[PDB]
Amino acid sequence: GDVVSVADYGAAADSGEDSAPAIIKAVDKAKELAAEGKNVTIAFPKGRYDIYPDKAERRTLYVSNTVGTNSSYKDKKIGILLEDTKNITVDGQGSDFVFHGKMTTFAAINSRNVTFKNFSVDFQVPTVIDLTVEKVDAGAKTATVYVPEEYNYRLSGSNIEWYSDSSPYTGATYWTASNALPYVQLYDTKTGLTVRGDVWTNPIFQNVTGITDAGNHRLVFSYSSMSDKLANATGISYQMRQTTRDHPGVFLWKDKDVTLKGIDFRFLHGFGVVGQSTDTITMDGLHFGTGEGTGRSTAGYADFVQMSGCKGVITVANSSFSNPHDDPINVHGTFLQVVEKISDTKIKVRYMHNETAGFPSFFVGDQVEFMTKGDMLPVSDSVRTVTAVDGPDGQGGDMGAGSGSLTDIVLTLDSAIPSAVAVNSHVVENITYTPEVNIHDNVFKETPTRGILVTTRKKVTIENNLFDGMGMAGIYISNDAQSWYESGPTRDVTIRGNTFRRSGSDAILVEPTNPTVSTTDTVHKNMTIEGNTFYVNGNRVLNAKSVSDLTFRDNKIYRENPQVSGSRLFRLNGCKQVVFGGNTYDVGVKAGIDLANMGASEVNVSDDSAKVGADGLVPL
Ligand SMILES: OC[C@H]1O[C@H](O)[C@H](O)[C@@H](O)[C@H]1O
């Protein structure tokens, strides 16, 4: 069909003009034709574009894993919004979008078959101030601080003030701030490794007797004392930020068959790409991170890809992540916990985490399973259909009769509930919103947190990925109704092809948060782990916890660096039907296995040179 262009409504490529009123005009046009039946392709004549929040769309939104029922941060601000429509494909043709203030960069709601392709995303003054410490001198107690061009500032002797550009409609400034920001993170520009440190103490901002400008973007900080940290500080990018997920980066809440291709995510404000209930998602050729031509150290405010409680097939292909303030991909759901039995067919359940609430997670016709929090094992034959939902609607409204608070939902099940269910004792899980997952040919580098996180009972493939500098657990498969309340239990996890290296901690770490371990029945069933090359410096390759019919074959392990401590490569807590079979353990590695709440009658190293309980240190 037809191809509408932003050019005709006021989008002037390379103008520094609010292109957001024009966008909102063109998206209306785009809906009219689509609703006639067409296949609109909103196109952006190539070049820069400025998008300010002033006249952007304002929507009330409770999003997963942001700020839950906070009333300050309810009404968000999308810049490119595809609400209730179909068959639209937004093509920036390689343009560089640059947003302003604090806003959601683009969203899609109540849509089916829309696509975003081929453009850049950045912010004019980033909301995460990354200062590098270039030199320091312990003598007269001074320091040097590189602050990139992107950040605007103004000094008043002992104190420093940061601010943003102004609002072209009011002449007013979008965010002001001072000295140390609440939370801070560290990436070593030289050694290239993200060693986080006490995120509440920023040694740049301690006893600062006076700040002077050395020109050329530098800064000379005077000091009273100067502790161990501030001295060794040479070459560390202290990435200052705040810990309020006030906006999602991208929002995709109730969509069907979206695609995100070829978007350079140079910076997002607020969070990452929140998908929150969506039948299928596909994410090719994305690049999260900045470049070395830039002086920026983080393209993440926190997460990058969040897929809270989605369906169909979540796909991440041919992409790339570098230095976030949270994980790259975390696919999951959310456990709500039963806080009342209104009938043998009617229950009230509650959003038990403060950062996740507000939106509805159950839809009439859906299917819920029940779960005992103790072992995090599912109640036998508890699976049920939902017949009426009385909750919030995620826009601050009512669904059905209502629930009376954004933290509670009221469900009615097709048949009476299994009798074992008890208030505050069992959590409930929406099993219909369970995404199959395919994560292939991506690269993740220098993250401080984990690499991937996937917790779903549909098929799970993680094939031919490169993990380098994973500062924590390379891959983490949790499932947890203790603290975080992120569902759920996995059932088909295959982890082929990948290459791990320079891991700071474990590589693969399955670890439900069940406080009662069970040695008769296990939380996760079925898992295969093969084709993989691993590079270790005396670390755990696998760290199971309540897995069954687990397999660790065909892999290869080498000592990273060209008698001893350093963990045995394998640790298993409460597992069944494990097998090992045909691996390649380098000389010097501790090719052994630690059991725990578990007996060696459950391991099959008959076809393998791993040792159950011994170091098994490989010789020449
Ligand atoms: O479980 C780790 C934790 O990591 C981040 O903080 C996310 O925001 C949470 O939703 C959770 O995924």
# chains A, B, ... in the order shown; residues from 1 in each chain; ligands from 1

$ select_by_dssp --residues "region 182-359 of chain A" --states "alpha helix (DSSP H)" --output "ChimeraX atom specification"
/A:228-232

$ residues_near_ligand --ligand "ligand 1" --cutoff "8 Å" --atoms "only C-alpha atoms and all ligand atoms" --output "list in words"
residues 65, 66, 302, 303, 326, 327, 330, 355, 453, 484 and 486 of chain A

$ residues_around --residues "residue 138 (chain A)" --least-positions-apart "6" --cutoff "12 Å" --atoms "only C-alpha atoms" --output "number ranges by chain"
A: 144, 221-234

$ select_by_dssp --residues "region 365-576 of chain A" --states "strand (DSSP E)" --output "PyMOL selection string"
chain A and resi 367-372+377-378+384-392+398-399+408-413+426-430+436-440+443-445+452-454+460-463+466-468+475-477+493-494+499-501+508-510+527-529+533-536+542-543+550-553+556-559+570-573

$ closest_residue --among "A:15, A:322, A:483, A:173" --to "residue 266 (chain A)" --atoms "only C-alpha atoms"
A:322

$ closest_residue --among "A:390, A:165, A:122, A:17" --to "residue 346 (chain A)" --atoms "only C-alpha atoms"
A:390

$ residues_around --residues "residue 288 (chain A)" --least-positions-apart "3" --cutoff "8 Å" --atoms "only C-alpha atoms" --output "list in words"
residues 264, 265, 266, 299, 300, 304, 320, 321 and 322 of chain A

$ residues_around --residues "residue 158 (chain A)" --least-positions-apart "5" --cutoff "12 Å" --atoms "only C-alpha atoms" --output "VMD selection string"
chain A and resid 178 to 179 205 to 213 220 to 224

$ decode --residues "region 135-148 of chain A" --atoms "N, CA and C atoms" --output "short mmCIF file (atom, residue, chain, number, x, y, z; two decimals), in the first residue's frame"
data_model
loop_
_atom_site.label_atom_id
_atom_site.label_comp_id
_atom_site.auth_asym_id
_atom_site.auth_seq_id
_atom_site.Cartn_x
_atom_site.Cartn_y
_atom_site.Cartn_z
N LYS A 135 43.78 11.53 35.54
CA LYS A 135 44.92 11.36 36.43
C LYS A 135 44.49 11.69 37.85
N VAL A 136 45.40 11.47 38.79
CA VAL A 136 45.24 11.94 40.16
C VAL A 136 46.63 12.16 40.70
N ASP A 137 46.75 13.05 41.67
CA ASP A 137 48.01 13.26 42.36
C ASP A 137 47.77 13.25 43.86
N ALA A 138 48.49 12.37 44.55
CA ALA A 138 48.37 12.27 46.00
C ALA A 138 49.09 13.39 46.74
N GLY A 139 49.86 14.21 46.04
CA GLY A 139 50.66 15.25 46.67
C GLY A 139 49.84 16.35 47.31
N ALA A 140 49.63 17.45 46.58
CA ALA A 140 48.72 18.49 47.07
C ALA A 140 47.27 18.03 47.07
N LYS A 141 47.01 16.76 46.75
CA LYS A 141 45.69 16.14 46.82
C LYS A 141 44.75 16.77 45.82
N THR A 142 45.02 16.56 44.54
CA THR A 142 44.15 17.00 43.47
C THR A 142 43.77 15.81 42.61
N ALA A 143 42.90 16.06 41.64
CA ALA A 143 42.49 15.02 40.70
C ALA A 143 42.20 15.67 39.36
N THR A 144 42.02 14.83 38.35
CA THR A 144 41.55 15.27 37.04
C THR A 144 40.32 14.47 36.67
N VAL A 145 39.34 15.13 36.04
CA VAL A 145 38.08 14.49 35.71
C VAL A 145 37.68 14.89 34.29
N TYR A 146 37.53 13.91 33.40
CA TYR A 146 36.98 14.16 32.07
C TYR A 146 35.47 14.01 32.14
N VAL A 147 34.76 15.06 31.74
CA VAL A 147 33.30 15.06 31.67
C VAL A 147 32.92 15.30 30.21
N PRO A 148 32.24 14.37 29.55
CA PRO A 148 32.04 14.46 28.10
C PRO A 148 31.28 15.72 27.66
#
